[PDB]
Amino acid sequence: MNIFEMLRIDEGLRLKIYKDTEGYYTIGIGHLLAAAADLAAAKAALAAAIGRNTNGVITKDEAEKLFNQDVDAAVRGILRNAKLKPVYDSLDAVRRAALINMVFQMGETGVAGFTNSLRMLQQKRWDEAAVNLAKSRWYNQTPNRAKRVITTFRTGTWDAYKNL
């Protein structure tokens, strides 16, 4: 399993350009193309990003490419972050997947705020952290995503995502 698939599940994948209620142009896995207006403008960007002249629809491989771009950017920022870097750095690949997922959902700052939970994580206190975290507003608001992710932090496996 992989992070793209995790996110596919948690966030969702759109293969056709979408405009939300607040005027944003998005595609793939939350890939922001453009805020206001120009569908054509949005399509223009798209076309350039994947290196192809779409009709507004892309393939999964194409989404995966934009996503990977987005994942890097996020990891960059994670690194330039002082509350986040040592955790990331100390986590295993799977668990970071989870870390990234959270960032994708709530931003670095948002994540950066789970001081205690982060601490356990860095000191490898998995059940601790897991329990800590389930007592959160985040969990109450997006419980299904919260739970998988948490469970992921717990086991360090991808099982939460294979058993749906």
# chains A, B, ... in the order shown; residues from 1 in each chain; ligands from 1
>>> select_by_dssp(residues="chain A", states="strand (DSSP E or B)", output="JSON, numbers by chain")
{"A": [14, 15, 16, 17, 18, 19, 25, 26, 27, 28, 31, 32, 33, 34, 57]}
>>> write_last_selection(atoms="N, CA, C and O atoms", output="compact mmCIF listing (two decimals), in the first residue's frame")
# COMPACT_ATOMS: atom_id res chain seq x y z
N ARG A 14 -10.16 12.90 -7.66
CA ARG A 14 -11.04 13.39 -8.70
C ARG A 14 -10.27 13.42 -9.97
O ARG A 14 -9.22 14.06 -9.97
N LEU A 15 -10.78 12.74 -10.98
CA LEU A 15 -10.12 12.66 -12.28
C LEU A 15 -10.55 13.73 -13.27
O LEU A 15 -9.96 13.87 -14.31
N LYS A 16 -11.56 14.49 -12.92
CA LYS A 16 -12.07 15.58 -13.73
C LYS A 16 -12.06 16.83 -12.88
O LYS A 16 -12.43 16.81 -11.70
N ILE A 17 -11.63 17.90 -13.51
CA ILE A 17 -11.56 19.21 -12.92
C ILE A 17 -12.86 19.52 -12.20
O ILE A 17 -13.97 19.30 -12.70
N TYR A 18 -12.69 20.09 -11.02
CA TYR A 18 -13.79 20.48 -10.18
C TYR A 18 -13.60 21.88 -9.58
O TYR A 18 -12.49 22.39 -9.28
N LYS A 19 -14.74 22.53 -9.45
CA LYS A 19 -14.80 23.85 -8.94
C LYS A 19 -15.64 23.79 -7.70
O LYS A 19 -16.78 23.38 -7.79
N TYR A 25 -10.65 25.74 -8.16
CA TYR A 25 -10.39 24.78 -9.20
C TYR A 25 -9.39 23.76 -8.71
O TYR A 25 -8.21 24.04 -8.41
N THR A 26 -9.89 22.55 -8.59
CA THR A 26 -9.07 21.46 -8.07
C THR A 26 -9.16 20.24 -8.94
O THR A 26 -10.08 20.13 -9.74
N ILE A 27 -8.21 19.33 -8.75
CA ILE A 27 -8.13 18.04 -9.46
C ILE A 27 -7.32 17.02 -8.68
O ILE A 27 -6.51 17.39 -7.85
N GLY A 28 -7.54 15.75 -8.96
CA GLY A 28 -6.78 14.71 -8.32
C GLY A 28 -7.10 14.62 -6.87
O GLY A 28 -8.27 14.55 -6.54
N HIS A 31 -5.56 18.60 -5.54
CA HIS A 31 -4.60 19.45 -6.22
C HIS A 31 -5.15 20.77 -6.68
O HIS A 31 -5.84 20.87 -7.68
N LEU A 32 -4.82 21.80 -5.97
CA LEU A 32 -5.32 23.08 -6.32
C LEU A 32 -4.81 23.59 -7.62
O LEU A 32 -3.63 23.73 -7.78
N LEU A 33 -5.68 23.93 -8.53
CA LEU A 33 -5.21 24.43 -9.80
C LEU A 33 -5.28 25.92 -9.88
O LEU A 33 -4.40 26.58 -10.41
N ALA A 34 -6.42 26.39 -9.40
CA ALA A 34 -6.75 27.80 -9.43
C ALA A 34 -7.96 28.13 -8.57
O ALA A 34 -8.92 27.35 -8.42
N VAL A 57 -9.97 15.96 -18.18
CA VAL A 57 -9.92 14.68 -17.50
C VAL A 57 -8.51 14.15 -17.50
O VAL A 57 -7.80 14.16 -18.51
>>> residues_around(residues="residue 6 of chain A", least_positions_apart="4", cutoff="10 Å", atoms="only C-alpha atoms", output="PyMOL selection string")
chain A and resi 1-2+10-12+97-98+101+145+148-149+158+160-162
>>> write_last_selection(atoms="C-alpha atoms", output="mmCIF file, in the first residue's frame")
data_model
loop_
_atom_site.group_PDB
_atom_site.id
_atom_site.type_symbol
_atom_site.label_atom_id
_atom_site.label_comp_id
_atom_site.auth_asym_id
_atom_site.auth_seq_id
_atom_site.Cartn_x
_atom_site.Cartn_y
_atom_site.Cartn_z
ATOM 1 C CA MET A 1 0.000 0.000 0.000
ATOM 2 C CA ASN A 2 1.152 3.554 -0.349
ATOM 3 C CA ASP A 10 -9.048 9.570 3.148
ATOM 4 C CA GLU A 11 -9.274 12.657 0.923
ATOM 5 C CA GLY A 12 -10.644 11.261 -2.335
ATOM 6 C CA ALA A 97 2.660 8.631 5.831
ATOM 7 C CA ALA A 98 0.213 9.225 8.663
ATOM 8 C CA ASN A 101 -1.859 12.779 5.869
ATOM 9 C CA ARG A 145 -10.216 9.378 8.866
ATOM 10 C CA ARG A 148 -7.485 5.126 10.432
ATOM 11 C CA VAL A 149 -4.675 7.518 10.758
ATOM 12 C CA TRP A 158 -1.382 -0.187 6.601
ATOM 13 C CA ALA A 160 -6.536 0.421 8.625
ATOM 14 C CA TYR A 161 -6.576 0.896 4.958
ATOM 15 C CA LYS A 162 -6.872 -2.635 3.901
#
>>> closest_residue(among="A:118, A:50, A:105, A:94", to="residue 141 of chain A", atoms="only C-alpha atoms")
A:105
>>> atom_distance(atom1="atom CA of residue 47 of chain A", atom2="atom CA of residue 20 of chain A")
19.8 Å
>>> closest_residue(among="A:112, A:38, A:65, A:56", to="residue 78 of chain A", atoms="only C-alpha atoms")
A:112
>>> residues_around(residues="residue 137 of chain A", least_positions_apart="5", cutoff="12 Å", atoms="only C-alpha atoms", output="list in words")
residues 110, 114, 132, 142, 143 and 146 of chain A
>>> write_last_selection(atoms="N, CA, C and O atoms", output="PDB file, in the first residue's frame")
ATOM      1  N   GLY A 110      -1.487  23.451  12.161  1.00  0.00           N
ATOM      2  CA  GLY A 110      -2.551  22.689  12.765  1.00  0.00           C
ATOM      3  C   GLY A 110      -2.005  21.444  13.479  1.00  0.00           C
ATOM      4  O   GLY A 110      -2.361  21.089  14.624  1.00  0.00           O
ATOM      5  N   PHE A 114      -0.311  19.546  18.212  1.00  0.00           N
ATOM      6  CA  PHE A 114      -0.516  18.368  19.068  1.00  0.00           C
ATOM      7  C   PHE A 114       0.755  17.949  19.810  1.00  0.00           C
ATOM      8  O   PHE A 114       1.272  16.818  19.720  1.00  0.00           O
ATOM      9  N   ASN A 132      -4.330   9.532  23.224  1.00  0.00           N
ATOM     10  CA  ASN A 132      -4.315  10.941  23.392  1.00  0.00           C
ATOM     11  C   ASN A 132      -5.062  11.588  22.285  1.00  0.00           C
ATOM     12  O   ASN A 132      -6.005  12.359  22.482  1.00  0.00           O
ATOM     13  N   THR A 142     -14.031  14.307  11.981  1.00  0.00           N
ATOM     14  CA  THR A 142     -13.630  13.383  10.907  1.00  0.00           C
ATOM     15  C   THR A 142     -13.083  12.121  11.597  1.00  0.00           C
ATOM     16  O   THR A 142     -11.880  11.806  11.583  1.00  0.00           O
ATOM     17  N   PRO A 143     -14.012  11.421  12.239  1.00  0.00           N
ATOM     18  CA  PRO A 143     -13.738  10.247  13.035  1.00  0.00           C
ATOM     19  C   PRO A 143     -13.203   9.062  12.274  1.00  0.00           C
ATOM     20  O   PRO A 143     -12.382   8.302  12.802  1.00  0.00           O
ATOM     21  N   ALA A 146      -9.750  10.102  11.137  1.00  0.00           N
ATOM     22  CA  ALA A 146      -8.987  10.206  12.356  1.00  0.00           C
ATOM     23  C   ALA A 146      -8.609   8.835  12.829  1.00  0.00           C
ATOM     24  O   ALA A 146      -7.433   8.539  13.066  1.00  0.00           O
TER      25      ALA A 146
END
>>> select_by_dssp(residues="segment 45-74 of chain A", states="helix (DSSP H, G or I)", output="MDAnalysis selection string")
chainID A and resid 45:50 60:74
>>> residues_around(residues="residue 86 of chain A", least_positions_apart="2", cutoff="12 Å", atoms="only C-alpha atoms", output="list in words")
residues 78, 79, 80, 81, 82, 83, 84, 88, 89, 90, 91, 96, 112, 118, 119, 121, 122 and 123 of chain A
>>> write_last_selection(atoms="C-alpha atoms", output="PDB file, in the first residue's frame")
ATOM      1  CA  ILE A  78       7.721  19.739   7.565  1.00  0.00           C
ATOM      2  CA  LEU A  79      11.491  19.902   7.581  1.00  0.00           C
ATOM      3  CA  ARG A  80      11.704  23.604   7.841  1.00  0.00           C
ATOM      4  CA  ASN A  81       9.457  23.181  10.873  1.00  0.00           C
ATOM      5  CA  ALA A  82      10.947  22.994  14.267  1.00  0.00           C
ATOM      6  CA  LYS A  83       8.154  21.306  16.124  1.00  0.00           C
ATOM      7  CA  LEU A  84       7.646  18.858  13.296  1.00  0.00           C
ATOM      8  CA  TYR A  88       9.213  13.178  11.231  1.00  0.00           C
ATOM      9  CA  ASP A  89      12.859  12.421  11.368  1.00  0.00           C
ATOM     10  CA  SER A  90      12.318   9.887  14.007  1.00  0.00           C
ATOM     11  CA  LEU A  91       9.322   8.190  12.508  1.00  0.00           C
ATOM     12  CA  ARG A  96       5.208   9.407   8.439  1.00  0.00           C
ATOM     13  CA  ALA A 112       2.271  21.368  15.059  1.00  0.00           C
ATOM     14  CA  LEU A 118       3.772  14.531  19.016  1.00  0.00           C
ATOM     15  CA  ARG A 119       5.983  14.006  22.012  1.00  0.00           C
ATOM     16  CA  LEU A 121       5.218   9.748  18.948  1.00  0.00           C
ATOM     17  CA  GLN A 122       8.683  10.904  19.047  1.00  0.00           C
ATOM     18  CA  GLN A 123       9.370   8.901  22.091  1.00  0.00           C
TER      19      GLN A 123
END
>>> atom_distance(atom1="atom CA of residue 58 of chain A", atom2="atom CA of residue 103 of chain A")
25.1 Å
>>> residues_around(residues="residue 70 of chain A", least_positions_apart="4", cutoff="10 Å", atoms="only C-alpha atoms", output="list in words")
residues 29, 30, 31, 32, 64, 65, 66, 74, 75, 76 and 104 of chain A
>>> atom_distance(atom1="atom CA of residue 92 of chain A", atom2="atom CA of residue 153 of chain A")
9.7 Å
>>> decode(residues="segment 112-124 of chain A", atoms="N, CA, C and O atoms", output="mmCIF file, in the first residue's frame")
data_model
loop_
_atom_site.group_PDB
_atom_site.id
_atom_site.type_symbol
_atom_site.label_atom_id
_atom_site.label_comp_id
_atom_site.auth_asym_id
_atom_site.auth_seq_id
_atom_site.Cartn_x
_atom_site.Cartn_y
_atom_site.Cartn_z
ATOM 1 N N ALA A 112 1.268 20.874 14.140
ATOM 2 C CA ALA A 112 2.271 21.368 15.059
ATOM 3 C C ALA A 112 1.740 21.560 16.480
ATOM 4 O O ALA A 112 2.505 21.451 17.437
ATOM 5 N N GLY A 113 0.419 21.812 16.601
ATOM 6 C CA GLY A 113 -0.256 21.991 17.863
ATOM 7 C C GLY A 113 -0.471 20.757 18.723
ATOM 8 O O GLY A 113 -0.830 20.893 19.888
ATOM 9 N N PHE A 114 -0.311 19.546 18.212
ATOM 10 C CA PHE A 114 -0.516 18.368 19.068
ATOM 11 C C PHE A 114 0.755 17.949 19.810
ATOM 12 O O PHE A 114 1.272 16.818 19.720
ATOM 13 N N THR A 115 1.244 18.943 20.520
ATOM 14 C CA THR A 115 2.437 18.935 21.325
ATOM 15 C C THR A 115 2.605 17.675 22.087
ATOM 16 O O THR A 115 3.656 17.046 22.073
ATOM 17 N N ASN A 116 1.572 17.348 22.822
ATOM 18 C CA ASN A 116 1.737 16.173 23.627
ATOM 19 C C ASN A 116 1.793 14.932 22.800
ATOM 20 O O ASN A 116 2.683 14.124 22.987
ATOM 21 N N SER A 117 0.828 14.805 21.911
ATOM 22 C CA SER A 117 0.761 13.645 21.069
ATOM 23 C C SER A 117 2.032 13.480 20.287
ATOM 24 O O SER A 117 2.579 12.411 20.181
ATOM 25 N N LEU A 118 2.548 14.572 19.789
ATOM 26 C CA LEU A 118 3.772 14.531 19.016
ATOM 27 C C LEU A 118 4.925 13.965 19.822
ATOM 28 O O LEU A 118 5.718 13.147 19.333
ATOM 29 N N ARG A 119 4.993 14.441 21.067
ATOM 30 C CA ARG A 119 5.983 14.006 22.012
ATOM 31 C C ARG A 119 5.947 12.499 22.171
ATOM 32 O O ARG A 119 6.971 11.864 22.041
ATOM 33 N N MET A 120 4.790 11.929 22.476
ATOM 34 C CA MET A 120 4.723 10.490 22.628
ATOM 35 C C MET A 120 5.281 9.755 21.404
ATOM 36 O O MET A 120 6.097 8.839 21.515
ATOM 37 N N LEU A 121 4.840 10.244 20.243
ATOM 38 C CA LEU A 121 5.218 9.748 18.948
ATOM 39 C C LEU A 121 6.729 9.774 18.821
ATOM 40 O O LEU A 121 7.392 8.820 18.412
ATOM 41 N N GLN A 122 7.277 10.895 19.180
ATOM 42 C CA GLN A 122 8.683 10.904 19.047
ATOM 43 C C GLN A 122 9.314 9.982 20.067
ATOM 44 O O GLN A 122 10.370 9.408 19.862
ATOM 45 N N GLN A 123 8.694 9.794 21.202
ATOM 46 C CA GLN A 123 9.370 8.901 22.091
ATOM 47 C C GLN A 123 8.822 7.513 21.941
ATOM 48 O O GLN A 123 8.909 6.688 22.845
ATOM 49 N N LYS A 124 8.246 7.285 20.765
ATOM 50 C CA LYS A 124 7.640 6.011 20.428
ATOM 51 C C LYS A 124 6.508 5.559 21.378
ATOM 52 O O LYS A 124 6.344 4.354 21.607
#
